[PDB]
Amino acid sequence: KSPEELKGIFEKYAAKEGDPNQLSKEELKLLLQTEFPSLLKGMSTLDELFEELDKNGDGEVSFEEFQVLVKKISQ
Ligand SMILES: [La+3]
């Protein structure tokens, strides 16, 4: 539940598919799977999360956008 682990695990998944410098639906999906499968139960579907996370329009859910989830994962 550490922060350093978030980066590590994150990259561990971001490196899974495509460049680890960018997250994806399938990529994040996995994370959201193990990382927080409960967040998947939310009313925010994968696609919803994907589009939700990306509020810039790059397609990459970099850790930056991820920090946005940490908020929901906090509440
Ligand atoms: La982005």
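Procedures and definitions
- Residues numbered from 1 in each chain as written, not as in the entry; some residues may be left out.
- Heavy atoms only, no water.
- Helix = DSSP H or I, 4+ residues; strand = E, 2+ residues; numbered from the N terminus.
- Rg over C-alpha atoms; globule rule 2.2 N^0.38 Å.
- Buried < 20%, exposed > 50% of the residue type's maximum accessible area, 1.4 Å probe, protein only.
- Contact = heavy atoms within 4.5 Å.
- Areas by Shrake-Rupley, 256 points an atom, 1.4 Å probe, with all protein chains shown as cover.
- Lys, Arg positive; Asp, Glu negative; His and termini not counted.
- Charge placed at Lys NZ, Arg CZ, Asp CG, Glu CD.
- UniProt positions renumbered as here; feature names shortened; annotations may be inferred.
- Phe/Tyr/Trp six-rings, centres within 6.5 Å; stacked < 30°, edge-to-face > 60°.

Counting secondary structure elements, the protein contains 5 helices and 0 strands. For the protein, the sequential pattern of α-helices and β-strands runs α-α-α-α-α. In terms of overall size, the protein behaves like a compact globule, its C-alpha atoms giving a radius of gyration of 11 Å where 75 residues would be expected to give roughly 11 Å. Based on the C-alpha atoms only, the size of the protein along its principal axes is roughly 30 × 30 × 20 Å. Counting all 75 residues of the protein, 24% fall into the buried class. At a minimum sequence separation of 6, the contacts of the protein that also span at least 24 residues come to 37%. For the protein, the exposed area adds up to about 5300 Å²; of that, 51% sits on carbon and sulfur atoms. Across the protein, the 10 positively charged side chains and the 17 negatively charged ones have centroids separated by 8 Å.

Feature annotation in UniProt places "binding site: Ca(2+) 2" on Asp54, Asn56, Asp58, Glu60 and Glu65, given in this structure's numbering. One can find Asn56 in the loop between α4 (46–53) and α5 (63–72). In this structure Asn56 comes out as partly exposed when scored by relative accessible area, which is 46%. Excluding residues that lie within four positions of it along the chain, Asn56 makes contacts with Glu64 and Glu65. For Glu65, the location among the structural elements is in helix α5. Not counting the four nearest positions on each side in its chain, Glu65 is found in contact with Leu53, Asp54, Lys55, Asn56, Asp58 and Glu60.

As a further point, take the packing of aromatic side chains. The final tally for this structure, using the stated rule, is 3 aromatic pairs. Plain terms: the ring middles of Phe10 and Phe66 are 6.4 Å apart, the flat faces sit at 90° to each other, and that makes the pair edge-to-face. With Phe10 in helix α1 (residues 3–14) and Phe66 in helix α5, this residue pair connects regions lying 56 residues apart in the sequence. Assigned by exposure class, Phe10 and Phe66 land together as buried. Pairwise contacts between aromatic rings join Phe10, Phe63 and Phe66 into one cluster.

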